[PDB]
Structures are given as structure tokens and as C-alpha cells.
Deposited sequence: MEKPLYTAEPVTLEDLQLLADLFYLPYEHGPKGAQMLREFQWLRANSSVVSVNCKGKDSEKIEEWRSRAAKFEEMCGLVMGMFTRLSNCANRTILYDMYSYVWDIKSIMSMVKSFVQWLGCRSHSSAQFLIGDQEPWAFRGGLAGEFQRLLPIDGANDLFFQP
């Protein structure tokens, strides 16, 4: 009946497997990442099955966000503080990428990033 005490879900192996796919290698994306990217590329090339895949992509985004949370609540602040910038950043880009999908199924980055975009 009262307010329940604060508890946090631990970091899981499935989270680390997702984390490493998002931040993979210099010349290669991780399977989960390369995939999510293809799906977003696909849902954007379409405008009206679509909602069947979009629902799955929104779950995938949700997983990245779930992952950030558990990582941020974890006991080892030292490991997190060394990656907070990268981790926080992907969670933020996903949140808005997700939101953009929900908008399609219902009808930042600074100055360096702006110069980045102004190039092929």
C-alpha cells in the first residue's frame, strides 16, 4: 500500500551484446546495429507489413534505452563514467529516431556535426 523501495535491474549479457554491436569496429558495424540501421532506412523509404516491422524497430530502440538505464544504474560507476558520453549519446539519437517512426505511423551534435552533414 506504501511507496516501494528503490531497486534497479542489473546489467545483462544481452545488453553488453547490444552495446558492442552499436560500438563495434572501425570498418564494421555490429549485426544488431547494421540491422537497425537497414530497418530505419527501409521504413523511411516507405509511406502509407510496414507497421509490422516498425513495431519491432520500436522494440529494438526500446532495448537500447533499457540497456542505457541498467548500465547507468549499475554498481560500477567507473566502467560507466568511461563510456557515459558514447552510451548517453546513442540512447538520445534512438529516442528521437523511435519518436520519428511513431510519427510516420500516425498521419544537436554541435558545429562539427553540421560541417560533417554539409559534406558527401
| item | value |
| --- | --- |
| Regions of the deposited sequence not represented in the model | 49 to 63, 123 to 139, 153 to 163 |
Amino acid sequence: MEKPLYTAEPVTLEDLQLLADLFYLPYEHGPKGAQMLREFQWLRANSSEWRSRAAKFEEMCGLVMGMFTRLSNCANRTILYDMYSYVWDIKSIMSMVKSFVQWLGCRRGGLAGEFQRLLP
From here on, numbers count along this sequence of modelled residues.
{"item": "Other entries omitting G109, at least a third", "value": "no"}
{"item": "Test item: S47 lacks coordinates in at least a third of other entries", "value": "yes"}
{"item": "Between the two ranges 95 to 103 and 15 to 23, the one averaging a larger CA B factor in the entry", "value": "95 to 103"}
{"item": "Mean C-alpha temperature factor, higher of 56 to 64 and 84 to 92", "value": "56 to 64"}
{"item": "Most elevated Cα B-factor in the entry, residues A75, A34, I79, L43", "value": "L43"}
